[PDB]
Amino acid sequence: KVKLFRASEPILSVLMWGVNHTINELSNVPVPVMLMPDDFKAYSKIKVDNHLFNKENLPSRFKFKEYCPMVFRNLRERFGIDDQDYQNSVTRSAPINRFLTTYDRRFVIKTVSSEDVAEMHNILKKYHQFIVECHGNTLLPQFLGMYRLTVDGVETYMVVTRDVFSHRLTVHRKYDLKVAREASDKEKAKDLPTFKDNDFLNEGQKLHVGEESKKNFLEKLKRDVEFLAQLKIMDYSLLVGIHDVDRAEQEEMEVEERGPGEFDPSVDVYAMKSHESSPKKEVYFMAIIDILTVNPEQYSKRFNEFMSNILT
Amino acid sequence: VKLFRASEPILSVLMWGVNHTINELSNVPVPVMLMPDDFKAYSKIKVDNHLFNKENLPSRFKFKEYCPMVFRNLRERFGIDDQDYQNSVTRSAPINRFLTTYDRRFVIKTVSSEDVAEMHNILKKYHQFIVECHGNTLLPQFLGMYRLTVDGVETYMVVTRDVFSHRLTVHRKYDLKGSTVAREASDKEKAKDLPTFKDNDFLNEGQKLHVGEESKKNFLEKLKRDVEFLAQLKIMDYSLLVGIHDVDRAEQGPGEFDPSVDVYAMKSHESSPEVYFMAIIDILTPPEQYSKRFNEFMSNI
Ligand SMILES: O=c1[nH]c(=O)c2ncn([C@@H]3O[C@H](COP(=O)(O)OP(=O)(O)OP(=O)(O)O)[C@@H](O)[C@H]3O)c2[nH]1
Ligand SMILES: O=c1[nH]c(=O)c2ncn([C@@H]3O[C@H](COP(=O)(O)OP(=O)(O)O)[C@@H](O)[C@H]3O)c2[nH]1
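Residues numbered from 1 in each chain as written, not as in the entry; some residues may be left out. Chains lettered and ligands numbered in written order. Heavy atoms only, no water. Residues with missing side-chain atoms left out of burial classes, pairs and counts.

As documented in the archive entry, the model was determined using X-ray crystallography at 3.45 Å resolution.

Below, the structure written as structure tokens:
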């Protein structure tokens, strides 16, 4: 039953320890009827300074700060994430990959800059109200916690979201969509390339979701970009991922020698099946990302029209 | 949900800290042996949170546990499960600075730093003695030691197994020394509800003349081992605390107790008019002179 907090790096061990600690601490903190404004200004800091004790996996000295833990706890609730689920993805085994995901591919941990944290703060109340109003039906990143680790005297900022891709359905092509932007010829020769806009126009792929999925999605995307424009935020993106079900079968067969295209929308929340009339049987994952940074209203309109183009 | 609701804020931190350290420990494997560094180790944490969980806890405080591996092993060697210990400390605020846990099972005493340094000086030989006697001993049973810091004021504590029962109320109390010096109960101390009478007050009574047959011998052998060890460790000024329970007074099961829980407890011999509790106390202050005098006095009664 023992959490060893064994990782490859001490920052991952402290990360796992700190999530375990905060989730447990928070569990002794009652759930409030409503958030008060202090919850948006609060934090929890703890400093561990041990001696000749529990050195095997943790550093002997470190610090863990969790931002606005009441807000992020409520957000976890608003997103249908059980905190004990959350901690166990983080702590049952060391996350992997600064970009990290939890061992079970269910959550993403991105290290961020202090300015990112401050931006997160300036927006958090409007974000929480948006999350209330759209019941969590959104394409924006879904924030579950924000943390400052301190280890070796280096402070480290990290923000947790839901991974936009499925934890079960493997992703076969990736795109990051937002002037002419192309993926590096070096990146174009990587294993899973994060292909860009120009590469998509030259490939001319198109996602086939069928009117009903199309409509759900476009309505939430219009609301989201209007909301972002409202906070004067730019440089965000739409991450899109393709899972070709036939290939998933083939690769599972290769595995064998040495449901399919079914997924849980409760769990894989950005995911959509292809229209029943589709050429290839495919599953798509689509979300807005990178929301922590020539007009925001102009960019709103440009982004929205482009993303409106990519569907059927 | 543990609120850590207490009578005083330091009690809230005490409950928080025992809870925290024990949970932390549950994730530390139990080692084939204690190593020397465990007797020199400690765990310190500083909590400084802001607009958060302030309702019953302080926003800033610190908690140090001394030699937690050794003390965990002592809890085990004394047959205390950490989760029982944790629940006694944390399920409800302790009570009465001298404390017992809400359930009267464990004793929490504030101590001085000098006492703490003495404790460290003795811990290895003490632990080894507790090993050798399988825990069959009359000495105090140390279960944990901690330094609280709150508003910047540090506070030391040592937790032991309580001598009195968590169920049966105690009807007379005495604190015995055996000095050649004369120690009597204060007319002011005699003016408390449960007087801690000394030797002189105990000599004049017939229910105070205790009665026991075969158990007396093995009890005396264990008292001898303890006092010989203390004389050996250069400890003086220690005491024997004792309690009497007249079951008739309780009526006005009865006289039933679990010896697995109330370990210092003894039934009266059939040649009796009661149930008695007896242990050694005050042992953190550094002759064999005192050892022999003390042991001889306790040998007769
Ligand atoms: O708009 C905000 N509302 C807030 O409520 C808030 N709380 C923290 N921050 C940001 O925190 C980051 C560095 O960490 P921080 O300065 O908070 O650490 P700190 O206070 O312990 O000091 P030090 O340990 O680095 O010496 C910086 O981006 C601070 O602007 C906030 N920004
Ligand atoms: O929620 C998510 N689940 C994921 O699985 C995932 N995978 C990538 N991303 C984002 O894509 C960009 C990195 O692309 P990159 O080119 O590999 O890195 P960089 O741009 O620094 O060179 C950044 O926005 C990453 O946060 C993901 N977000």
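(A) A look at the overall build of chain A. When you go through chain A residue by residue, the secondary structure sums to eight helices and eleven strands. The C-alpha atoms of chain A give a radius of gyration of 21 Å, which matches the 20 Å a tight globule of 312 residues would have. Based on the C-alpha atoms only, the size of chain A along its principal axes is roughly 60 × 55 × 40 Å. (Helix = DSSP H or I, 4+ residues; strand = E, 2+ residues; numbered from the N terminus. Rg over C-alpha atoms; globule rule 2.2 N^0.38 Å.)

(B) Representation of the overall build of chain B. In terms of helices and strands, chain B carries eight helices and eleven strands. For 301 residues, the compact-globule estimate of 2.2 N^0.38 gives 19 Å, and chain B sits close to it at 20 Å. The principal-axis extents of the C-alpha atoms in chain B amount to approximately 65 × 45 × 35 Å.

(C) Summary view of the packing of helix α2 (residues 68–77) of chain B against helix α4 (residues 113–132) of chain B. All names here are of chain B. Here α2 crosses α4 at 25°, and the two axes come no closer than 11 Å. When the interaxial angle is binned, α2 and α4 end up roughly parallel. Here α2 and α4 pass one another in a crossing that is left-handed. Every residue of α4 that contacts α2 at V70, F71, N73, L74 and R77 is listed here: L123, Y126, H127, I130 and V131. Its residues placed into classes, the contact of α2 with α4 shows seven nonpolar, two polar and one charged. (Axes fitted to C-alpha atoms, helices over the stretch in contact; angles between N-to-C directions. Parallel < 35°, antiparallel > 145°, perpendicular 65-115°, else oblique. Left-handed = near helix turned anticlockwise from the far one by under 90°. Contact = heavy atoms within 4.5 Å. Nonpolar A, V, L, I, M, F, W, Y, C, P; charged D, E, K, R; others polar.)

(D) Spotlight on the pairing of strand β6 (residues 154–162) of chain A. All names here are of chain A. Bridge analysis of strand β4 (residues 107–112) against β6 gives six bridges, and the strand direction is antiparallel. The residue bridging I109 from the neighbouring strand is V160, located in β6. Of the pairings in the sheet, the one linking strand β5 (residues 143–151) to β6 comprises eight bridges and is antiparallel in character. Residue pairing across strands places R148 opposite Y157, the latter belonging to β6. Where β5 hands over to β6, the hairpin turn is made up of two residues, of which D152 adopts a positive phi near 60°. (Pairing = 2+ DSSP bridges.)

(E) View of the packing of aromatic side chains. Ring centres of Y236 of chain A and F303 of chain A lie 4.8 Å apart, and the angle between their planes is 80°; on these two criteria the pair is classed as edge-to-face. By the ring-pair criterion, three or more aromatic residues cluster together here, those being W16, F61, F63 and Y146 of chain B. It is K65 of chain A that lies over the ring of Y43 of chain A; its NZ or CZ is 4.3 Å from the centre. Over the ring of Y86 of chain A we find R76 of chain A; its NZ or CZ atom is 5.0 Å from the centre of that ring. (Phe/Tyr/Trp six-rings, centres within 6.5 Å; stacked < 30°, edge-to-face > 60°. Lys NZ or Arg CZ within 6 Å of the ring centre and 35° of its normal.)

(F) Layout of the sheet that holds strand β9 (residues 239–245) of chain B. All names here are of chain B. Judged by pairing direction, the sheet is mixed, and its five strands sit side by side in the order β8-β7-β9-β11-β10 without closing on themselves. Looking at strand neighbours, the two that pair on one side only are β8 (196–197) and β10 (265–267), the edges of this open sheet. In this sheet, β8 lies alongside strand β7 (residues 172–176) in parallel orientation, the contact comprising two bridges. From the neighbouring strand, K173 faces β8, where its bridge partner is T196.

(G) Quick look at the pattern of salt bridges. Note that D83 of chain A is salt-bridged to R76 of chain A, the shortest N-O span being 2.5 Å. A salt bridge links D82 of chain B to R75 of chain B; the nearest nitrogen and oxygen atoms lie 2.6 Å apart. (Salt bridge = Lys/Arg side-chain N within 4 Å of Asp/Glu carboxyl O.)

(H) Up close: the interface of chain B and chain A. The interface of chain B with chain A comprises 29 residues on the first partner and 29 residues on the second. Elements with a contribution of two residues or more to the side of chain B that touches chain A: α1 (9–26), β1 (42–48) and α2 of chain B. Take the side of chain B that touches chain A: its biggest share by element is seven residues, from β1 of chain B. Per-class residue counts for the side of chain B that touches chain A are 15 nonpolar, seven polar and seven charged. With three bridges joining them, strand β1 (residues 43–49) of chain A and β1 of chain B adopt antiparallel strand pairing. Looking at the pairing, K47 of chain A lines up with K46 of chain B of β1 of chain B.

(I) Representation of the sheet that holds strand β7 (residues 173–177) of chain A within the structure. Residue and element names in this part refer to chain A. Taken together, five strands build an open sheet; the order of strands is β8-β7-β9-β11-β10 and the sheet is mixed. Only two strands of the sheet have a single neighbouring strand rather than two, namely β8 (194–195) and β10 (271–273). Sheet strands touched by helix α6 (residues 210–231): β10 and β11 (282–289). Its angle to β11, the strand with the most contacts, is close to 10°.

(J) A look at helix α4 (residues 114–133) of chain A. Residue and element names in this part refer to chain A. A rise of 1.5 Å per residue sets the reference length of α4, with its 20 residues, at 28 Å; its end C-alpha atoms lie 29 Å apart and thus fit the reference within 8%. The sharpest bend along α4 measures roughly 55° and falls at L124. Where α4 ends, the next residue or the one after it, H135, has phi of about 50°, a positive value. (Expected span 1.5 Å × (residues − 1). Bend = angle between axes of the 7 residues up to and from the residue.)

(K) Summary view of the environment of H172 of chain A. Residue and element names in this part refer to chain A. One can find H172 in the loop between β6 and β7. Sequence separation between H172 and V151 is 21 residues; the distance between their C-alpha atoms is 37 Å. Residues contacting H172, with those up to four places away along its chain left out, are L192, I242, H243, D244, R247, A248 and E251. In terms of polar contacts, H172 uses its side chain to reach the backbone amide nitrogen of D244, at 3.0 Å. (Polar contact = N/O pair within 3.5 Å; in protein donor to acceptor, adjacent residues only side chain to side chain.)

(L) Focus on the pairing of strand β5 (residues 142–150) of chain B. Residue and element names in this part refer to chain B. In the sheet, strand β2 (residues 60–66) pairs with β5 via four bridges, with the strands oriented antiparallel. Each bridged residue has a counterpart across the sheet, and for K64 the counterpart in β5 is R147. Counted between consecutive antiparallel strands, the loop separating β5 from strand β6 (residues 153–161) contains two residues, among which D151 sits at a positive phi close to 55°.

(M) Highlighting the side chain of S237 of chain A. Residues and elements named next belong to chain A. Within the secondary structure, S237 sits in strand β9 (residues 237–244). At 3.2 Å, the side chain of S237 and the side chain of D176 are in polar contact. In this structure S237 touches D176, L177, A287, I288, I289 and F303, once residues within four positions along its chain are discounted.

(N) Representation of unusual backbone geometry in the model. Residues and elements named next belong to chain A. Even without being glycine, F5 reaches a positive phi, approximately 55°. As for its placement among the helices and strands, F5 is situated in the segment before α1 (10–27). Its identity as a non-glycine residue notwithstanding, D290 has a phi of 65°, on the positive side. Here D290 lies in the loop between β11 and α8 (296–309).

(O) Main features of the side chain of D162 of chain B. Residue and element names in this part refer to chain B. Positionally, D162 belongs in the loop between β6 and β7. Here the side chain of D162 touches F164 through a polar contact of 3.2 Å, landing on its backbone nitrogen. Setting aside residues no more than four positions away along its own chain, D162 makes contact with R104, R105, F106, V107 and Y264.

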